[PDB]
Structures are given as C-alpha cells and as structure tokens.
Student: 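One structure is given below, represented as structure tokens, and several questions about it will come after.
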There are 4 protein chains.
Amino acid sequence: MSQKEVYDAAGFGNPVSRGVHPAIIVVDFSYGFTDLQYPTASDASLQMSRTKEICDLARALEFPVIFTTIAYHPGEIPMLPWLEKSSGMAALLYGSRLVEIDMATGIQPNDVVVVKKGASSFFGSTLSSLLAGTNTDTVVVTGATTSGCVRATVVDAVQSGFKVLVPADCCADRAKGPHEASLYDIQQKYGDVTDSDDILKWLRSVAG
Amino acid sequence: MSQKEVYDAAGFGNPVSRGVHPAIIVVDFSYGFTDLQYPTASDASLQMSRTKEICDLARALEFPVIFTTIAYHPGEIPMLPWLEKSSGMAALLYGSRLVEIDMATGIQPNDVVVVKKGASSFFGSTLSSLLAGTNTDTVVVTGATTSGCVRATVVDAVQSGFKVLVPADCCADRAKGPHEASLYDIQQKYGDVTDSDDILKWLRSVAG
Amino acid sequence: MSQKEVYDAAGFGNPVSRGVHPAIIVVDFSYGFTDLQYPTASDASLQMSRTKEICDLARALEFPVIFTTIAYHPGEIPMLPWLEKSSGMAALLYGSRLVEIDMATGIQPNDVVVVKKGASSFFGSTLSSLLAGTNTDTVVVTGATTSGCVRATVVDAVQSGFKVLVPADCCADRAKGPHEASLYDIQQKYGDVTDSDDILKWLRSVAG
Amino acid sequence: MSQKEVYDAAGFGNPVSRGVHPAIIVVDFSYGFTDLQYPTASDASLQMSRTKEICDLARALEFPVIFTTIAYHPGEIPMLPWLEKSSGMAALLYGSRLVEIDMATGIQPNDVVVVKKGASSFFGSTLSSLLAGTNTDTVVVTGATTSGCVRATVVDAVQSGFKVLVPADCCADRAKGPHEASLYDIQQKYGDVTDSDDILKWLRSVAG
C-alpha cells in the first residue's frame, strides 16, 4: 500500500462538517515572530494581510476574534524547560516590542489578547473557557509558525471539542519543509486545511 | 541564510541538561496501533523490544513507567470532533482487544495505564499529576505514532514542566516522512532526540 | 455591614440566565460513596432518586447525561498526594464494587462514565471536551459529596465556561455543616442553588 | 456516630509528610481584594504582614515565590460565566490599581506574577508548569479569600500533584463562617492547616 492508501484505510483525512458559531484564533503574530529584525521572526507579510481580512469580517459579524502572544516575566525563564530547548523565546519579555501584536494584523483595542508560555494557545491559558463561554463550535486558526505554535494550537483545539479550519495562506513558518509537514498532519488527523477565500465566503454564509 | 542557520539564530536545537528523576512514558503501544490486523496499526516490532529494555531497567530502578492508551465508550464517539477527522480511532472501544497494551512491551500487572481520548497523553488525563506527584524532572517518551500521539505527548511534556528525551528507535509511525518531520521539530523545539542505547546508559548513570 | 450586605456590595449572588443546551453531571454516585457498608459512604438514597428523575428526563430529551467515578490502579496510589490526606479514597480500585455507579441512579448502558483521580469532575479528565463537543452551555450538577467532589466540579464547570445549576436535594454529604457551607459559597459565587422540581420543569421548558 | 468519627473512619485528616522543595503561592493579595475602598476587598492587614515574612525567607532561600492576580480585558467580560454570578469581579481590569499586587506583601520586582481569570490559581494558567519546572513538591498557600480563590487553589494544588500547607493566619476572608468552613474542608481533605510560625521554622529546617 502507498502512504495515501495507508492513511485512507486508517480512517484519516475526512472532511469537517462545519458548525454555525465560528471564532478566529490568531496565533503569535507578534513582532517577535513577524519583524525580521528579531532572530525568532519569519516573513509573515502576506499571511497577516489575509488574516486581517478574515478578522475584519469575523469582527464585523460579531464572531469572537482572539489574538495570542508568548510573553515572559524574567523570573519565569529559568522555571520553564521549553526555554532550555527553544532559548530564542527568552527574548519575549513583558514590556518589550517583541510581545506586541503586529499592527499589520489590524488588531483593534476591543480585541482580546491571551498571553501564554508555551506553543499551544490552549495550554495554561484561558482560551478554552472563552470559546466555551461564547458557545463556539468551529475555530479558524492562523498565525506563526505553522510547525510550532499553530500546529500545537490546532491539536489542542480539536482535543478541546472544537472543529478546526486552517487557511494555509494565513500560516507563516521559517522553512517550507516543516510548514508542509504540519499542514499534512493537520489535514489527515486534526482539521481541514483550506484558504482565506474559502473562510471568507464561509463566514458570510453562516451569518446569512 | 540556510534553514540550519535560521534555526540556530532563532535559538533552537539546544541540548537538554538532564535531571535526576526519570520517568518513562509509553504512548499507545496498544494492539490497535501495533497489530497489523487493524488498519490503524504500524509495524512496531523492533520499537516495542527496545522500549521493553528501557522499561525493564526503569522499573528495576523504581522510576515511574507509565503506559497510555486511547479508549472510548460508544456514547463519547459523537461528542468528540477528533473522531470526525480521524474516524479510524472510533474502533478503539473499551472492552476490545484494540485498547489493550501489547505484551511485547513487557508491561507488568502493576504498571500504571492512563486512558485518554485524544493525541497527547497529558490532555484530559491524570498524567501531569502522576509525574509531579513523583517529583519527576525528565521524561523518556516512546510509542506510536511519532507524528501523532508521540509528538503531541512530547509538546505537552515540555509545556507541563518536564525535560524530554525521545529515543527514535522506540518510536513507530505508518510513514517515513511524518516520522522524520516530527523528529526534526522535536529536536529543534521540544526535546532531545536520541536512541535507546543512550537512554539505558543514562538511566544507570543517574542510578549510580 | 452585615455579611449579607458585604456579599451584596461585592457583587455576589446574581442569578444565572440559563442557556438552551443542558447537560447533567452526576458526580461520584458510586457504591463507595453511597453504600454505607463502605467507610467513605453517605446516605444518598433520596438524592439518587431525585437525580434519577432528572437523568431520565434529560436522557429522553437527548441532552447529555454524564456520570463520574473515582477509580485508581494500585500503582497510582503512592503517586497522588491527595490520597495522603484523604486515605480512604485508596479503597476505590478498578475492578472493585466501590467504583461501580450505584444502580439507584438508574444509569443505563448508553450513559458515558468518566473516570477521574481527584475531586473535580473536570480535573485531569475528558469532561470539558465532551461538553464543548456537544455545544453544552448549562450544566446541572448532582452527586456526592456536596463539600467535596460536587463543589469542586461546580467551581470547575463555571471556570470552564459553563453556566451552573445545583439541585440541593440531589447533593449528598457526610454532615450538614460542610453541606450548607458549600451550597452557600456556590449560590454566592459559582452557580444557582435550586431543587429538582425546578430542574425538571426547566428541562421540559427548553425542549418545548 | 459523630461527625469526627465519620471523617476519621472515612480516612480524612491525615498529616502531610512534607517535602524538601517548597514554593510559596500568594493568592490574589491585589488591591482589589485588600484595599477597603473597593467593595470586593477584605481586611488583610495582618495576613499580608505574616505572608511577607514567609515570602522574604523563601526568596532568600531561593524557593519559588509566586503571586497571583485576577485581571480582565473588557472583551473577556461577556465571555466568562463566572462574571455573571460574581459580577463584582468585572472591576478587576488590566491597567487598573485593583489588579496590582499590594506592596504590603513585600513583593519584589522579579517575583513572578500569574494572571488568571477564575478562582483557582492553577486553572487556565501557567502555575502547574512553573512548579513542576522547579521540581517543587510542597506548596504553602496564602491569600484572599479563604473560601474562594484560596480554597480553589488548594484543591488544584493537591490534584496537580503537590503537597499543600495552609497557614491560617495568612488567609483573609470577608466573613468568619466561610473562612472556617473552608479551613475545615482543607484540613480534612486537601492539605495541612497550620500557622506562619510553623512555616517559618519548617522552611529553615529544610534549608538546614
């Protein structure tokens, strides 16, 4: 059997039947991840403009739009073993520009920001409670990086009881390889990989 | 700059300074994932044998050895959106042979089994509590599959405050591509990828 | 100011605006907690019959009905510090009668049982995912004991994003004092304390 | 039999065998809970002074000292059902004086502050990860209020795998009844209730 045949027989890759209460999660489009002056950053310019379109529509339709950022207090750095492996993350300190949401996302004062300490937007955060509290059934995940925080957020979203959509053109990464690998795993096991055009049309449809 | 230089500059790929309270986590070496009569399974013959060596030594040294398995009640199936995407997992039912831990692992009567409903062994489970309760500082993660439950468990282990070691020869997957992509991401961001020979020598060293 | 005036000015004791997607959580009505032959048990006979009425109605109306039980593998006992304080709980072993749901609840084969290791039905369990996955917005909490597992479950339910109702006549405890104290705290801070008559009428109303 | 005999027979009230890696958790000694100009506050003058002694010693011994606070973005308010019941908490806004830690605690610039959205300091927060990451085995819990955030934090600490000590003279509440009821439940089921004198002597003993 080919890999495609193996995954098919294993029952992977089924489509998600989308719900009627969407929410947008924008994962770590902070300057630390989007401004190339910083060692941890990637080129996310196109991805942020696509994400802005999605968020602008969702916000106007009164669907939840939630941004995430990784930020640390100095005393937390030696306490968290993730920062031993991923030591570049220690630069993401409260009060620094690195932790601020990139303005290219079109973030507005109303928009809730959730601060987290790991990869997943759900881990050690209030995110699940906000989604459950707004009766969310379907999440659209965007952000940086595809192979890191985005993939981790996607796994947690489906595990938490939410259907997951991922517009590939809204996900940025440091390299094509890990980007493609995570989108494959997501499409097979965790959510539907699609594009912003689909998302936009879909959001208009559920509002209608 | 090259991918290697980008990840280096971003602060990834640092070694783990190993602790002195090890625990072994054996992720989903149930018959459902190891016996090729089931379409969800992979060839894990070598991997289980190497995992057995690690577990036997750890158990003899009184380090926690914890096995995980995915099992569902019929009523849970329509409740969990993961099962929409990965519908093959719905075969993993309480009372079935699919959910039983494969005896090739060497599992003993008093070894703890954690039942979970998703990919990560930590998600919606008692795992973090067992490890914190035993003052564990370093986990060795093994099992099936590398790109699925293993990877998810590794991300959660480091996020939960445990240093992570992953012996690659103890991890099985249904395809080479996803296996290697996950090992890459782990080595960069989440833990140290190594082999069973290293783990065995290391466990004896902490015992000494 | 009187205590009543203090709590009122502090903004406590507001009513809950009930949602339209109810679920019933039956906390630890296992024989270990309901059969007086066991040291950990209380008289829960009246409470179980009221709970049975609620569950029978909810089940027939196709609202989720979920039972919880505390059960341990022998190897878990030394790992969990809760069992150092509450050592009677160590008797609740898998395969024992103590962990079985009391038949007086009217539990049916279809009903999902969630196994947990602590007080809260949400802690280290799949409960939140089942409720989110069924688009639940309002939970009715019943079980044993009011001051222990019930109160803990109630706190976690509201924290998790669900509105909470507690029929007092469905909650059993070892003594009146702790029972009354927890119902007070719940009414002030966490949910609406009411009775089974109210719940039954309310469930019929949302179905209608 | 009497209540005392019932709790004894049920296996409650056992002493905690204290560990050797202490951490201090200071629960919500923010101005919102300690400054009587705010209707959510209680007199915590003595309690903060005794907590300061514990924190000063722990900090000098390089044991983690972690402060918690409840803070909301305006957008989060309609999302969290806890705020429907306990509407006074909606005053606890980012940027306000209400959410700042009271300087009477002795809090130092590099002491870690964890922001949370509910009662328990562990719920939807990074707290468990910080404690596991520092190999903490025993927590001392202090703060406001005994029957609310303190109690919830204590339940979660033991559930999360940490032994719990609660110096009663470091816990403040807005009424005597709930304070005593919570201390009773804790002493029976979750941790050891003691005083600051004991904690100070104990901390020096583990240091020796």
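Atoms considered below: every heavy atom in the structure, side chains included; atoms not considered: hydrogens, waters and symmetry mates. Letters go in sequence order (proteins before strands), and every chain restarts at 1.
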Student: Looking at every heavy atom in both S160(C) and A132(A), which two are closest together, and how far apart are they?
Tutor: O-CB, 3.3 Å
Student: How far does CG of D28(A) sit from OG1 of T153(A), to the nearest 0.5 angstrom?
Tutor: 7.0 Å
Student: Measure the CG-CD1 distance between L130(A) and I66(A) for me, rounded to the nearest 0.5 Å.
Tutor: 4.5 Å
Student: Can you name the one residue among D185(A), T146(A), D173(A) that meets side chain to side chain donor-acceptor pair (under 3.5 Å) with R151(A)?
Tutor: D185(A)
Student: How close do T138(B) and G19(B) get, heavy atom to heavy atom, and via which atoms?
Tutor: OG1-N, 2.9 Å
Student: Spell out, as yes or no, whether a donor-acceptor pair under 3.5 Å connects the side chain of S87(A) to the backbone of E84(A).
Tutor: no
Student: Any side-chain heavy-atom pair from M89(B) and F12(A) closer than 4.5 angstrom?
Tutor: yes
Student: So which of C55(A), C170(A), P167(A), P64(A) actually passes side chain to side chain contact (heavy atoms under 4.5 Å, CB included) with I24(A)?
Tutor: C55(A)
Student: Under a 3.5 Å distance rule, please check whether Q47(A) uses its side chain to pair with a backbone N or O of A172(A) as donor and acceptor.
Tutor: no
Student: Is the number of heavy atoms from other residues, nucleotides or ligands within 6.0 Å of CD (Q37(A)) greater than 12?
Tutor: yes
Student: Are any non-hydrogen side-chain atoms of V26(A) and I107(A) less than 4.5 angstrom apart?
Tutor: no
Student: Of all the heavy-atom pairs spanning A168(B) and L183(B), show the shortest one and how long it is.
Tutor: CB-CD1, 3.8 Å
Student: Thinking salt bridges, do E53(A) and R50(A) make one under a 4.0 Å N-O criterion?
Tutor: yes
Student: Measure from the side-chain N and O atoms of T126(D) to the backbone N and O of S129(D), and report whether any donor-acceptor pair falls under 3.5 Å.
Tutor: no
Student: What is the distance from atom CD of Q159(A) to atom CZ of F123(B), rounded to the nearest 0.5 Å?
Tutor: 5.5 Å
Student: For residues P178(A) and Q188(B), determine if any side-chain heavy atom of one lies less than 4.5 Å from a side-chain heavy atom of the other.
Tutor: no
Student: Can you tell whether the side chains of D198(A) and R18(A) come within less than 4.0 Å, N to carboxylate O?
Tutor: yes
Student: Can any side-chain N or O of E180(B) pair as donor or acceptor with the backbone N or O of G177(B) at less than 3.5 Å?
Tutor: no
Student: Determine, step by step, whether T145(B) and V150(B) satisfy the side-chain contact (heavy atoms from CB on, under 4.5 Å) criterion, reporting the C-alpha distance in whole Å, the side-chain angles of both residues, the deciding distance to 0.1 Å, and the verdict.
Tutor: CA-CA 6 Å; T145(B) 63; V150(B) 175; 5.8 Å; no
Student: Just so I know, are the side chains of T136(A) and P22(A) near enough to count as touching, which here means a heavy-atom distance under 4.5 Å?
Tutor: no
Student: Carefully, step by step, assess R174(B) and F33(B) under the rule side-chain contact (heavy atoms from CB on, under 4.5 Å).
Tutor: CA-CA 10 Å; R174(B) 32 179 91 79; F33(B) 296 97; 3.9 Å; yes
Student: What pair of heavy atoms forms the shortest contact from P74(D) to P78(D), and how long is it?
Tutor: O-CD, 3.5 Å
Student: With rounding to the nearest 0.5 angstrom, report the CZ to CG distance, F122(B) to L127(B).
Tutor: 4.0 Å
Student: Has the side chain of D169(B) got a donor or acceptor atom that lies under 3.5 Å from a matching backbone atom of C171(B)?
Tutor: no
Student: If we ignore hydrogens and angles and just use 3.5 Å, is the side chain of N14(A) paired with the main-chain N or O of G11(A) as donor and acceptor?
Tutor: yes
Student: Main chain of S121(A), side chain of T68(A): is a donor-acceptor contact present, judged purely on distance under 3.5 Å?
Tutor: no
Student: Is there a side-chain contact between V16(B) and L165(B) in this structure, where contact means two heavy atoms from C-beta onward sitting under 4.5 Å apart?
Tutor: yes
Student: Step by step, work out the side-chain contact (heavy atoms from CB on, under 4.5 Å) result for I25(B) and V140(B).
Tutor: CA-CA 6 Å; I25(B) 309 168; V140(B) 309; over 6 Å; no
Student: Are the side chains of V164(B) and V141(B) in contact, using a 4.5 Å heavy-atom criterion?
Tutor: yes
Student: So among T40(A), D102(A), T105(A), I101(A), which one has a side chain to side chain contact (heavy atoms under 4.5 Å, CB included) with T34(A)?
Tutor: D102(A)
Student: Per the side chain to side chain donor-acceptor pair (under 3.5 Å) rule, which among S128(B), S125(B), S120(B) passes with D156(B)?
Tutor: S120(B)
Student: From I70(D) CD1 over to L93(D) CG, what is the distance, rounded to the nearest 0.5 angstrom?
Tutor: 12.0 Å
Student: Examine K85(A) relative to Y190(B) and say whether NZ or CZ is less than 6.0 Å from the centre of the six-membered ring and inside a 45° cone about the ring axis.
Tutor: no
Student: Give me the atom names and distance for the closest heavy-atom approach of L36(A) to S42(A).
Tutor: CD2-C, 3.7 Å
Student: Show me the donor-acceptor pairs within less than 3.5 Å that the side chains of residues 199-208 of chain A make with the rest of the protein, sequence neighbours left out.
Tutor:
none

Student: Counting distance only, does the side-chain N/O of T134(D) pair as donor-acceptor with the main-chain N or O of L131(D) below 3.5 Å?
Tutor: yes
Student: Is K52(A) salt-bridged to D56(A), going by a charged N under 4.0 Å from an acidic O?
Tutor: yes
Student: Does the pair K163(B)/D192(B) count as a salt bridge with the N-to-O cut at 4.0 Å?
Tutor: no
Student: Hey, are the side chains of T142(A) and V27(A) touching, using non-hydrogen atoms and a 4.5 Å cut-off?
Tutor: no
Student: Can you confirm whether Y31(A) sits close enough to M103(A) that some side-chain heavy atom of one is under 4.5 Å from a side-chain heavy atom of the other?
Tutor: yes
Student: Output the distance between atom CG (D35(A)) and atom CZ (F29(A)), rounded to the nearest 0.5 Å.
Tutor: 13.5 Å
Student: How far apart are the C-alpha atoms of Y7(B) and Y184(B), what are their side-chain angles, what is the distance that settles it, and do they pass the ring-ring contact (aromatic ring centres under 6.0 Å, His included) test?
Tutor: CA-CA 11 Å; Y7(B) 276 70; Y184(B) 176 80; 5.4 Å; yes
Student: Keeping the roles fixed (side chain from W82(A), backbone from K189(B)), state whether a donor-acceptor pair exists under 3.5 Å.
Tutor: yes
Student: Output every pair passing salt bridge (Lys or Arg N to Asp or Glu O under 4.0 Å) with a member in residues 67-81 of chain A, not counting sequence neighbours, ordered by first then second residue.
Tutor: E76(A)-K117(A)
